[PDB]
Amino acid sequence: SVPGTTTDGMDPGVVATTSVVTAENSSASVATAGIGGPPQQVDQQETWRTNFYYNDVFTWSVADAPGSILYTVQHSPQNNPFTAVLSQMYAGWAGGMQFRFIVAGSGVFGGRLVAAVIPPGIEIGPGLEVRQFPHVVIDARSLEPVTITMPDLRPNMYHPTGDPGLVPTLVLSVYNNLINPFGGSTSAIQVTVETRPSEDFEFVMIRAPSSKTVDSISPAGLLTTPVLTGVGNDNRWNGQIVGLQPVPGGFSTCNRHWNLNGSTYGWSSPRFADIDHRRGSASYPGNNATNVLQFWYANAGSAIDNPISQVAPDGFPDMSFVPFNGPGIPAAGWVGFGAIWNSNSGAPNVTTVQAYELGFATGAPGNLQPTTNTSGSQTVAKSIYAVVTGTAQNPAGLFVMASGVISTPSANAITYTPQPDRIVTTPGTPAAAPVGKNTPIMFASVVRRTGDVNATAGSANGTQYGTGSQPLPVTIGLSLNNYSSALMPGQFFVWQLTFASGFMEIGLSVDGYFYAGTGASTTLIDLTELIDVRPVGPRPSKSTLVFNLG
Amino acid sequence: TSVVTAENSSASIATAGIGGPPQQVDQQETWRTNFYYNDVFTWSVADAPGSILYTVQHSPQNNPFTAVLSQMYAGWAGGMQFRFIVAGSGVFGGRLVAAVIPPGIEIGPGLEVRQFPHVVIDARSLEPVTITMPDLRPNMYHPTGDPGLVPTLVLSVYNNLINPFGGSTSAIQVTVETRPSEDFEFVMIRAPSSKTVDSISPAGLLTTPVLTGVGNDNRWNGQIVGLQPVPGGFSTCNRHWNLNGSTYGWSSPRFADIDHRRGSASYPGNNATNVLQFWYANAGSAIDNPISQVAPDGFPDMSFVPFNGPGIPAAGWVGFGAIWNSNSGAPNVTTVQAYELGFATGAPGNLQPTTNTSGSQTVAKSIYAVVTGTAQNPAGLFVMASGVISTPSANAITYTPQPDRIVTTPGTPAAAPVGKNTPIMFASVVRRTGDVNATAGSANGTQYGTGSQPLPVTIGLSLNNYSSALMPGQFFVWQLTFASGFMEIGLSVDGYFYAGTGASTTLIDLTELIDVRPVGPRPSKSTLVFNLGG
Amino acid sequence: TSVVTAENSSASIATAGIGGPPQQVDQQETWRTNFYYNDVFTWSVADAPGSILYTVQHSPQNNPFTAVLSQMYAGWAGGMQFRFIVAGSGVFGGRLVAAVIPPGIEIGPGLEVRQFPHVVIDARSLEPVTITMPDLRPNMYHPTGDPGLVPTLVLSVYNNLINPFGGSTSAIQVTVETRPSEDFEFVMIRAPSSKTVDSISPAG
Amino acid sequence: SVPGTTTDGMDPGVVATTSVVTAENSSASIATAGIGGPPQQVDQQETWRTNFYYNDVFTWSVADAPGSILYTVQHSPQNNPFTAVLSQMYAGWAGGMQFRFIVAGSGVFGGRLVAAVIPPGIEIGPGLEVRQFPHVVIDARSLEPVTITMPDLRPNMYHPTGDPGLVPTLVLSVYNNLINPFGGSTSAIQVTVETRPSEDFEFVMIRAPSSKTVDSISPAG
Amino acid sequence: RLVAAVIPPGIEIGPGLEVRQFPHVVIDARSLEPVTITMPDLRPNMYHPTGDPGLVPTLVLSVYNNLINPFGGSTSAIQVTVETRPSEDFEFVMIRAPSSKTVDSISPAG
Amino acid sequence: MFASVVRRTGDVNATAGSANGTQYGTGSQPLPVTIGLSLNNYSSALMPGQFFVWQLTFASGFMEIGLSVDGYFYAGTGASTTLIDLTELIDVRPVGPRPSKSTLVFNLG
Amino acid sequence: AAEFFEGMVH
Amino acid sequence: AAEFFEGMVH
């Protein structure tokens, strides 16, 4: 016989049954699931259902308090690779599954884990105490694998693939803390999870391959490898993303943002076309209409032609207006090439085509103040250069290109634009909060400036980074598809970026924000050696994402 | 229900034991007992007797459920059953032959399918006709990754199709269905994340919203609302990528900026007050562009329109931008205006439009008066990549650009009509300077700006290589479903799009469009359908 | 005359015993052995391949006699048989597909009916084509008032309709008929004056 | 032949007895709790009786002198999550409880612990000398769990739910100092306590739940 | 712990090959006796010609869990040795002259 | 004691985390606790010389508090005067009667 | 309970 | 070797 230190692919190890594996459960599961017809893929000699195959891995740290969850899965055919392959060509399932755990530790450590199976109706949250359920305790010095079987406890006859209903949940948490008696640098171990279908698992209805469903597919296909190291732009400017930078404290950007549910945070449908308005006053300071600065303003609520919200026109930048007066150009901000045009079937004015600074002002045309809230405000635009002709008509509008730049006087270092203390906020939004050690992340890119035309990534002074919230391919992939059931609130969908000398994990919550395990650092992480992206799955927000950089 | 087994099934089971025990062999499974859809092809009145209409090799990809199950197995063996369903009518006549060809024989015009063992298919048969293809292989099994030699099923014409009624209908659709044989099996389970090398297909680049939602063109970032065909042909190479990983020209697909650094500047008139600024540089001096040296990124690819005085020129490319000096330059305050960009020759004397890129020179003349005019030798332009089209009055002129106005480089292929198929050109709603409020309602027709291909497609095709995804001589075909009609669209190997509208110049509106669906690679001799609601 | 039973009929009979003994189950009854008219639809020359022409959900209202008998029973279970009769002519061409869609799948333009288990219907066929829809349900029975999840029968276009003669006629009528299966039953008799909530129709 | 590195939810491990566990205690307890009627909730195959469930966790460091008190618990049906729910429909209780201890150490440490049962009437605090009671000594290198039983030593015939009376107390102390022979920053281990009713725990007299409620017994909620 | 599996022919061997979703064996770092696994002949031919064998399987050993030193310091590496032996069904078939296709035309080892 | 953000008469706009400092006012008991203590009697729940202990868990650490017969609350912290943040609190679990001369565990990490 | 499985078996 | 020919014969 094998001496315990080598294990076969069909060897479960020890068997741990808590209280839910009963004979009547299996007898009621087999007999009732015959409403779908005769069972399919039921042959207890095939290689795909006799061996254990790889599902997952996780890490167990010394600093993990008792009662913290390390691994959770709902009951699904996605927990085994071959049933996940076979579920695209079937429309129903029933039965249970087996989970094999191998602890990669030594006989010098200490500590215990605990595993339990939760009934379908119980909410999996913060107030769940899994040590007051029937459970089983596993030592950290175990050499042979331990197998736990989760049965199918359901109130319905079978599980449709597009609508399973209520399912049980397997939870594995910390019983007692991990102890290393020598101390030092070694403070974590690893546990590997394999899976294998149970003897009473089956499929029923044949259907068509790659058929559509009433539920939702996993959000792994939108974020591929060309999105980061190639094509893919920002939400505010059409420039390729170059790097990744964290923020401390959080932010709230609500212009072109889409939730996991299909909904927008106000105006600005996601396409960099143009900015147009039909109502708004025009004026100019001074007694002479020569070499002046044009002054256009209109209240929030005058955007009748916007089909989403009436508060702002389409494609408007969500920047607070920095007040300036005189020939000195403003710092940062949003400036775009534009002109003016008059109402009542009117042609645009020839004599005034100039770059204007866009923003929201308070108390115009008197003392102009920056504003953080969009409700009860008034959109504004004023020129930075001198034009030779001014208009003073009450009906007037704008014509500004959607792509823009930043205006800076000195242009040596400045500051990444925009800041979280400058991004405006629509009514009804949830704000970013750093949970765990994970911090809100904002994508960085390269945008030209008015102070220097040649803004190349290299020498001749350090470059400036514009920051946008989410990529425009990602926003397109969420503006149509609804993901109410793809990811439960309270956790995030985590990927795994792999560089040439390290790896990091990035997340995506239900709020549409991205999380990384940066901690308290504000260093730009340049994405130049990144090769490939492999998705992982749904991970709880309390867990720490890795930051192995060389 | 009876299941058919192959003639070589006992030798096929035994010799596949080098891969282990057989997997997924259960004769009562629902994925195995029923026939499911595979493909479709066309039988035409112009097909000579002895012509090949359909050809398929033995593979586990000619079934929707063995293709899903082949993601987790490194090997297969066994036969496969085919079924043919003719749409047909009782007024037609003609027969077809289907036979299995052993390995080692050519498939071509010299193949005599009528002297193999065959079956005969009628043009007006209601019940389907069935033929079984065995696994005649020189190997013990077929490993997934490198199978070996396989038989091929060939469909040919016995007697040509006849329509004694007359005109209109001249083509029949035939549907192929497939279920596996009794002796089919899998061996040697593997990781599903392993070798993901599956026939790369250009089907996922054109989905549904691309045409009834988000999606832009290569000239403007405007919503595509209508397709317009043009008979005769056209040539465009600005952001136009073909099916290889290559292109002919500048301007990588992003509407970010137009930036150049070196180039002379001048202005007419002896007074520095209310003039039209004129900036010009020759072709070949774009050092900052890493793709092509001909033009900076974002420069338009239409010709110049020769105008003078205070009249706004018809059509063209106008954009909001400014001038800027060199030597770590900041732009001048008193010159921001709309500038009309294009290609011309003989500047600053007689400015003439040009067809070819070589021997030309880029120019930039302002359309509105600017109070200051510089004359410095080092100068450049900082213009937004998104722009509008200038117009003297509002009206509705024409779709722009015309196929003769587009400037192309040497070495560019041209789109040509093949049969009744005619190259098309995607349109969009854009703004103008003659009327800012270009609402798609009353007050005359709106302006249409026309490009080559959907920018989205270019984005998704510039990453991958599609050299073997489409065999040359065919198009990749989609089927557009409207509310009261349906249409068919093509995509050649050279990056162009076609439709079988014939010699017509009427716009087709994508308002009642519901969904798209991929068809596959189809030969160019077959006319694409045009059964529209009118 | 042979009567067709469903593939899931033995599990369907046993799990409906929570409603009591089965009612109106007599295999020699004249309301049960014959086919009767249900509906009619149109197949046009302008229909693209892959378009849906007919869609019906599993219900005891797709038969004139099970709809009368459902006024006095609070529950039903079992399958139902469909039949298709094309008016047609010998100068036409084109085929159709019919398949049963399980619960949980969309019915829409992206549905590929030709890769389900299906039957093929010709434009010039004289004898009718028959398909059986089983009761694939996640419940033990279907209570009248709130049934639950049901399968759906979908008719689509395989090859488009062709008229080589020319003008005038460009549309075909197809008639649907229905008789119940061997495993259909009722449970739990109730007052006929009770809940009168029946699909309100603007026909009267 | 399962190893000691995997422990099952019904497994007590090694049973460590003490001289307070006597047969006449059990016989007297049952025969005098019989004045409340027949015993209730005494089915031996129920899931809430057969499994151990979590109670507490505490820390043992190298700086704790011998005689230092690490863990105490008073005898009550509030120590188990399921006998606290069942006490809302009854007016009395009688019987004992089992306590399971798991020490999370390694084979390189040293040091020992001590456990004893304290009869009612004795003040629990510092200066309570545990090693001069009948006691059990448990090593820091133990791999299997150790379970001892606290019986019901009471001067009443049953415990009323509002007013139980005098109860015994389980105290765990330090026998010898914890030793790390390497020395450094790693000087602490953890012990987990779980609980399960014993074979003679029962309730007696049923009553309405709309009587003296759960907010009048303990201020836990 | 480590992990070992046999890869059938036709599959590309490199980074991204997921070994734990094959049928595999897990070996601990504290094992004292040697562990032997057998690679069989999974081939699509009837024999392997000496010049041109054809498609062959591949044996891959990967990392299951990270190596842990609880003391911590400079000693973080161990070594594994591989040895080989023919199985009970290995054989040759057809004799030929050694002055045929030589040893310098088969592999460029010399 | 139990701290609370209370506005001041020199700046009525000031809230928690403001740049001018945070103003705190303290009380002995929470209001639901003293409401529940005036409706019931708990003589037969705690001997003099005992605490009723609750375990409070956080995102990082956990601490214990105790309630005496007199109605005061306690925590074992020694001589430190630092405010406990009590923002990332997760769960509260009862423990029961314990001796009063026993140190309540206080580690935030 | 036994009659249910007995009827389904029979 | 004998089992292979035996299976093919049977």
# chains A, B, ... in the order shown; residues from 1 in each chain; ligands from 1
>>> interface_residues(of="chain D", to="chain F", cutoff="10 Å", atoms="only C-alpha atoms", output="list in words")
residues 55, 56, 58, 59, 69, 70, 71, 72, 73, 74, 76, 78, 79, 123, 124, 125, 126, 162, 163, 164, 165, 215, 216, 217, 218, 219, 220 and 221 of chain D
>>> calpha_fit_and_write(fixed="chain H", moving="chain G", output="PDB file with N, CA, C and O atoms, in the first residue's frame")
ATOM      1  N   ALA G   1      -2.148  -9.473 -24.979  1.00  0.00           N
ATOM      2  CA  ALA G   1      -2.222  -9.637 -26.425  1.00  0.00           C
ATOM      3  C   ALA G   1      -3.380 -10.544 -26.824  1.00  0.00           C
ATOM      4  O   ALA G   1      -4.053 -10.300 -27.825  1.00  0.00           O
ATOM      5  N   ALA G   2      -3.606 -11.595 -26.031  1.00  0.00           N
ATOM      6  CA  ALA G   2      -4.668 -12.549 -26.338  1.00  0.00           C
ATOM      7  C   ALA G   2      -6.047 -11.949 -26.097  1.00  0.00           C
ATOM      8  O   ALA G   2      -7.014 -12.299 -26.788  1.00  0.00           O
ATOM      9  N   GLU G   3      -6.154 -11.040 -25.122  1.00  0.00           N
ATOM     10  CA  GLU G   3      -7.441 -10.435 -24.781  1.00  0.00           C
ATOM     11  C   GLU G   3      -7.943  -9.530 -25.899  1.00  0.00           C
ATOM     12  O   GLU G   3      -9.151  -9.407 -26.118  1.00  0.00           O
ATOM     13  N   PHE G   4      -7.016  -8.910 -26.631  1.00  0.00           N
ATOM     14  CA  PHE G   4      -7.353  -8.005 -27.728  1.00  0.00           C
ATOM     15  C   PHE G   4      -8.021  -8.758 -28.878  1.00  0.00           C
ATOM     16  O   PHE G   4      -9.118  -8.398 -29.335  1.00  0.00           O
ATOM     17  N   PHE G   5      -7.385  -9.848 -29.322  1.00  0.00           N
ATOM     18  CA  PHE G   5      -7.960 -10.674 -30.379  1.00  0.00           C
ATOM     19  C   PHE G   5      -9.205 -11.409 -29.894  1.00  0.00           C
ATOM     20  O   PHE G   5     -10.135 -11.633 -30.675  1.00  0.00           O
ATOM     21  N   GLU G   6      -9.242 -11.779 -28.608  1.00  0.00           N
ATOM     22  CA  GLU G   6     -10.432 -12.418 -28.045  1.00  0.00           C
ATOM     23  C   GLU G   6     -11.627 -11.472 -28.052  1.00  0.00           C
ATOM     24  O   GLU G   6     -12.744 -11.873 -28.399  1.00  0.00           O
ATOM     25  N   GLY G   7     -11.405 -10.205 -27.692  1.00  0.00           N
ATOM     26  CA  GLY G   7     -12.483  -9.229 -27.722  1.00  0.00           C
ATOM     27  C   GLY G   7     -12.952  -8.916 -29.129  1.00  0.00           C
ATOM     28  O   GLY G   7     -14.151  -8.749 -29.373  1.00  0.00           O
ATOM     29  N   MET G   8     -12.011  -8.838 -30.079  1.00  0.00           N
ATOM     30  CA  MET G   8     -12.403  -8.571 -31.463  1.00  0.00           C
ATOM     31  C   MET G   8     -13.140  -9.759 -32.077  1.00  0.00           C
ATOM     32  O   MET G   8     -14.028  -9.581 -32.918  1.00  0.00           O
ATOM     33  N   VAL G   9     -12.776 -10.982 -31.679  1.00  0.00           N
ATOM     34  CA  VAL G   9     -13.494 -12.164 -32.151  1.00  0.00           C
ATOM     35  C   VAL G   9     -14.888 -12.226 -31.533  1.00  0.00           C
ATOM     36  O   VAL G   9     -15.880 -12.485 -32.227  1.00  0.00           O
ATOM     37  N   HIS G  10     -14.989 -11.951 -30.227  1.00  0.00           N
ATOM     38  CA  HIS G  10     -16.267 -12.069 -29.529  1.00  0.00           C
ATOM     39  C   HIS G  10     -17.240 -10.974 -29.945  1.00  0.00           C
ATOM     40  O   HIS G  10     -18.460 -11.181 -29.933  1.00  0.00           O
TER      41      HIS G  10
END
>>> atom_distance(atom1="CA of residue 89 in chain A", atom2="CA of residue 116 in chain C")
10.3 Å
>>> residues_around(residues="range 185-192 of chain D", least_positions_apart="3", cutoff="9 Å", atoms="only C-alpha atoms", output="VMD selection string")
(chain A and resid 110 to 111 175 to 177 179 to 184) or (chain D and resid 54 to 63 100 to 105 178 to 180)
>>> closest_residue(among="E:5, E:25, E:43, E:65", to="chain B", atoms="only C-alpha atoms")
E:43
>>> interface_residues(of="chain A", to="chain G", cutoff="12 Å", atoms="only C-alpha atoms", output="ChimeraX atom specification")
/A:24,27-32,34-35
>>> write_last_selection(atoms="C-alpha atoms", output="PDB file, in the first residue's frame")
ATOM      1  CA  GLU A  24     -33.825   9.431   2.631  1.00  0.00           C
ATOM      2  CA  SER A  27     -33.840   8.362  -2.186  1.00  0.00           C
ATOM      3  CA  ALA A  28     -36.034  11.466  -2.442  1.00  0.00           C
ATOM      4  CA  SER A  29     -33.519  13.182  -4.733  1.00  0.00           C
ATOM      5  CA  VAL A  30     -33.332  10.304  -7.229  1.00  0.00           C
ATOM      6  CA  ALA A  31     -37.067   9.546  -7.396  1.00  0.00           C
ATOM      7  CA  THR A  32     -38.324  13.129  -7.730  1.00  0.00           C
ATOM      8  CA  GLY A  34     -37.347  11.865 -12.915  1.00  0.00           C
ATOM      9  CA  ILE A  35     -39.833  14.557 -13.947  1.00  0.00           C
TER      10      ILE A  35
END
>>> closest_atom_pairs(of="chain B", to="chain C", cutoff="10 Å", atoms="only C-alpha atoms", output="JSON lines")
{"residue": "B:30", "atom": "CA", "partner": "C:117", "partner_atom": "CA", "distance": 8.8}
{"residue": "B:31", "atom": "CA", "partner": "C:117", "partner_atom": "CA", "distance": 9.0}
{"residue": "B:33", "atom": "CA", "partner": "C:117", "partner_atom": "CA", "distance": 9.0}
{"residue": "B:34", "atom": "CA", "partner": "C:117", "partner_atom": "CA", "distance": 5.6}
{"residue": "B:35", "atom": "CA", "partner": "C:117", "partner_atom": "CA", "distance": 6.3}
{"residue": "B:36", "atom": "CA", "partner": "C:115", "partner_atom": "CA", "distance": 3.9}
{"residue": "B:37", "atom": "CA", "partner": "C:115", "partner_atom": "CA", "distance": 4.4}
{"residue": "B:38", "atom": "CA", "partner": "C:115", "partner_atom": "CA", "distance": 7.6}
{"residue": "B:39", "atom": "CA", "partner": "C:114", "partner_atom": "CA", "distance": 9.7}
{"residue": "B:40", "atom": "CA", "partner": "C:159", "partner_atom": "CA", "distance": 9.2}
{"residue": "B:63", "atom": "CA", "partner": "C:115", "partner_atom": "CA", "distance": 8.8}
{"residue": "B:64", "atom": "CA", "partner": "C:115", "partner_atom": "CA", "distance": 7.2}
{"residue": "B:65", "atom": "CA", "partner": "C:115", "partner_atom": "CA", "distance": 9.2}
{"residue": "B:85", "atom": "CA", "partner": "C:95", "partner_atom": "CA", "distance": 8.0}
{"residue": "B:86", "atom": "CA", "partner": "C:94", "partner_atom": "CA", "distance": 7.4}
{"residue": "B:87", "atom": "CA", "partner": "C:94", "partner_atom": "CA", "distance": 3.7}
{"residue": "B:88", "atom": "CA", "partner": "C:93", "partner_atom": "CA", "distance": 4.0}
{"residue": "B:89", "atom": "CA", "partner": "C:93", "partner_atom": "CA", "distance": 3.4}
{"residue": "B:90", "atom": "CA", "partner": "C:91", "partner_atom": "CA", "distance": 4.5}
{"residue": "B:91", "atom": "CA", "partner": "C:91", "partner_atom": "CA", "distance": 4.8}
{"residue": "B:92", "atom": "CA", "partner": "C:91", "partner_atom": "CA", "distance": 8.0}
{"residue": "B:123", "atom": "CA", "partner": "C:93", "partner_atom": "CA", "distance": 9.5}
{"residue": "B:124", "atom": "CA", "partner": "C:93", "partner_atom": "CA", "distance": 7.8}
{"residue": "B:125", "atom": "CA", "partner": "C:122", "partner_atom": "CA", "distance": 9.1}
{"residue": "B:126", "atom": "CA", "partner": "C:122", "partner_atom": "CA", "distance": 6.0}
{"residue": "B:127", "atom": "CA", "partner": "C:120", "partner_atom": "CA", "distance": 8.4}
{"residue": "B:128", "atom": "CA", "partner": "C:120", "partner_atom": "CA", "distance": 8.8}
{"residue": "B:163", "atom": "CA", "partner": "C:164", "partner_atom": "CA", "distance": 7.2}
{"residue": "B:164", "atom": "CA", "partner": "C:164", "partner_atom": "CA", "distance": 8.5}
{"residue": "B:165", "atom": "CA", "partner": "C:165", "partner_atom": "CA", "distance": 5.2}
{"residue": "B:166", "atom": "CA", "partner": "C:165", "partner_atom": "CA", "distance": 7.0}
{"residue": "B:167", "atom": "CA", "partner": "C:164", "partner_atom": "CA", "distance": 7.1}
{"residue": "B:168", "atom": "CA", "partner": "C:164", "partner_atom": "CA", "distance": 6.5}
{"residue": "B:169", "atom": "CA", "partner": "C:164", "partner_atom": "CA", "distance": 5.2}
{"residue": "B:170", "atom": "CA", "partner": "C:164", "partner_atom": "CA", "distance": 7.9}
{"residue": "B:171", "atom": "CA", "partner": "C:162", "partner_atom": "CA", "distance": 9.0}
{"residue": "B:172", "atom": "CA", "partner": "C:159", "partner_atom": "CA", "distance": 8.3}
{"residue": "B:173", "atom": "CA", "partner": "C:159", "partner_atom": "CA", "distance": 6.0}
{"residue": "B:174", "atom": "CA", "partner": "C:159", "partner_atom": "CA", "distance": 7.5}
{"residue": "B:175", "atom": "CA", "partner": "C:158", "partner_atom": "CA", "distance": 7.5}
{"residue": "B:176", "atom": "CA", "partner": "C:114", "partner_atom": "CA", "distance": 9.8}
{"residue": "B:177", "atom": "CA", "partner": "C:114", "partner_atom": "CA", "distance": 8.2}
{"residue": "B:178", "atom": "CA", "partner": "C:115", "partner_atom": "CA", "distance": 9.2}
{"residue": "B:479", "atom": "CA", "partner": "C:48", "partner_atom": "CA", "distance": 8.7}
{"residue": "B:480", "atom": "CA", "partner": "C:48", "partner_atom": "CA", "distance": 9.1}
{"residue": "B:481", "atom": "CA", "partner": "C:48", "partner_atom": "CA", "distance": 7.2}
{"residue": "B:482", "atom": "CA", "partner": "C:48", "partner_atom": "CA", "distance": 9.1}
{"residue": "B:483", "atom": "CA", "partner": "C:47", "partner_atom": "CA", "distance": 9.7}
{"residue": "B:484", "atom": "CA", "partner": "C:46", "partner_atom": "CA", "distance": 7.4}
{"residue": "B:485", "atom": "CA", "partner": "C:46", "partner_atom": "CA", "distance": 5.9}
{"residue": "B:486", "atom": "CA", "partner": "C:48", "partner_atom": "CA", "distance": 5.6}
{"residue": "B:487", "atom": "CA", "partner": "C:48", "partner_atom": "CA", "distance": 8.2}
{"residue": "B:514", "atom": "CA", "partner": "C:109", "partner_atom": "CA", "distance": 8.1}
{"residue": "B:515", "atom": "CA", "partner": "C:109", "partner_atom": "CA", "distance": 6.8}
{"residue": "B:516", "atom": "CA", "partner": "C:110", "partner_atom": "CA", "distance": 8.5}
{"residue": "B:517", "atom": "CA", "partner": "C:110", "partner_atom": "CA", "distance": 7.5}
{"residue": "B:529", "atom": "CA", "partner": "C:48", "partner_atom": "CA", "distance": 9.7}
{"residue": "B:531", "atom": "CA", "partner": "C:46", "partner_atom": "CA", "distance": 6.4}
{"residue": "B:532", "atom": "CA", "partner": "C:46", "partner_atom": "CA", "distance": 7.6}
{"residue": "B:533", "atom": "CA", "partner": "C:46", "partner_atom": "CA", "distance": 7.9}
>>> select_by_dssp(residues="chain F", states="strand (DSSP E)", output="number ranges by chain")
F: 2-5, 24-27, 50-57, 62-67, 73-75, 91-99, 106-107
>>> interface_residues(of="chain B", to="chain H", cutoff="7 Å", atoms="only C-alpha atoms", output="ChimeraX atom specification")
/B:10-11,14
>>> write_last_selection(atoms="N, CA, C and O atoms", output="short mmCIF file (atom, residue, chain, number, x, y, z; two decimals), in the first residue's frame")
data_model
loop_
_atom_site.label_atom_id
_atom_site.label_comp_id
_atom_site.auth_asym_id
_atom_site.auth_seq_id
_atom_site.Cartn_x
_atom_site.Cartn_y
_atom_site.Cartn_z
N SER B 10 -16.77 -2.75 -35.06
CA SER B 10 -16.11 -3.66 -34.13
C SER B 10 -14.60 -3.49 -34.15
O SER B 10 -13.95 -3.63 -33.10
N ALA B 11 -14.02 -3.20 -35.31
CA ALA B 11 -12.59 -2.90 -35.37
C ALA B 11 -12.30 -1.50 -34.85
O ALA B 11 -11.19 -1.22 -34.40
N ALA B 14 -12.12 -1.66 -30.81
CA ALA B 14 -11.00 -2.39 -30.23
C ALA B 14 -9.69 -1.62 -30.35
O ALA B 14 -8.90 -1.57 -29.40
#
>>> residues_around(residues="residue 398 in chain B", least_positions_apart="6", cutoff="12 Å", atoms="only C-alpha atoms", output="PDB file with C-alpha atoms, in the first residue's frame")
ATOM      1  CA  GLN B 228     -26.053  53.373 -48.150  1.00  0.00           C
ATOM      2  CA  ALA B 314     -19.066  73.279 -49.383  1.00  0.00           C
ATOM      3  CA  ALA B 315     -18.272  69.961 -47.633  1.00  0.00           C
ATOM      4  CA  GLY B 316     -14.785  69.145 -46.358  1.00  0.00           C
ATOM      5  CA  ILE B 389     -18.626  69.560 -41.885  1.00  0.00           C
ATOM      6  CA  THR B 391     -21.880  74.248 -45.179  1.00  0.00           C
ATOM      7  CA  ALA B 427     -23.539  56.402 -42.665  1.00  0.00           C
ATOM      8  CA  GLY B 445     -33.043  66.285 -44.374  1.00  0.00           C
ATOM      9  CA  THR B 446     -30.100  65.891 -42.030  1.00  0.00           C
ATOM     10  CA  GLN B 447     -26.451  65.615 -43.024  1.00  0.00           C
ATOM     11  CA  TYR B 448     -24.953  62.140 -43.425  1.00  0.00           C
ATOM     12  CA  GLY B 449     -21.263  61.398 -42.903  1.00  0.00           C
ATOM     13  CA  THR B 450     -20.047  58.175 -44.467  1.00  0.00           C
ATOM     14  CA  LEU B 507     -30.541  54.546 -48.103  1.00  0.00           C
TER      15      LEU B 507
END
>>> interface_residues(of="chain A", to="chain C", cutoff="10 Å", atoms="only C-alpha atoms", output="number ranges by chain")
A: 31-38, 91-92, 155-165, 205-215
>>> closest_residue(among="E:39, E:70, E:92, E:52", to="chain D", atoms="only C-alpha atoms")
E:70
>>> atom_distance(atom1="CA of residue 336 in chain B", atom2="CA of residue 338 in chain A")
8.9 Å
>>> residues_around(residues="range 71-79 of chain A", least_positions_apart="2", cutoff="6 Å", atoms="only C-alpha atoms", output="list in words")
residues 69, 83, 84, 167, 168, 169, 170, 171 and 172 of chain A
>>> write_last_selection(atoms="C-alpha atoms", output="PDB file, in the first residue's frame")
ATOM      1  CA  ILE A  69     -14.284  32.796   6.192  1.00  0.00           C
ATOM      2  CA  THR A  83     -19.669  19.479 -15.347  1.00  0.00           C
ATOM      3  CA  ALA A  84     -19.111  23.127 -16.305  1.00  0.00           C
ATOM      4  CA  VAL A 167     -29.320  26.007  -2.897  1.00  0.00           C
ATOM      5  CA  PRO A 168     -27.145  25.112   0.102  1.00  0.00           C
ATOM      6  CA  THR A 169     -23.750  26.699   0.750  1.00  0.00           C
ATOM      7  CA  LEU A 170     -20.413  25.275   1.930  1.00  0.00           C
ATOM      8  CA  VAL A 171     -18.531  27.534   4.370  1.00  0.00           C
ATOM      9  CA  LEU A 172     -14.982  26.953   5.646  1.00  0.00           C
TER      10      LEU A 172
END
>>> select_by_dssp(residues="chain F", states="alpha helix (DSSP H)", output="ChimeraX atom specification")
/F:31-37
>>> residues_around(residues="residue 339 in chain A", least_positions_apart="2", cutoff="7 Å", atoms="only C-alpha atoms", output="PyMOL selection string")
chain A and resi 341+352-354+398-400
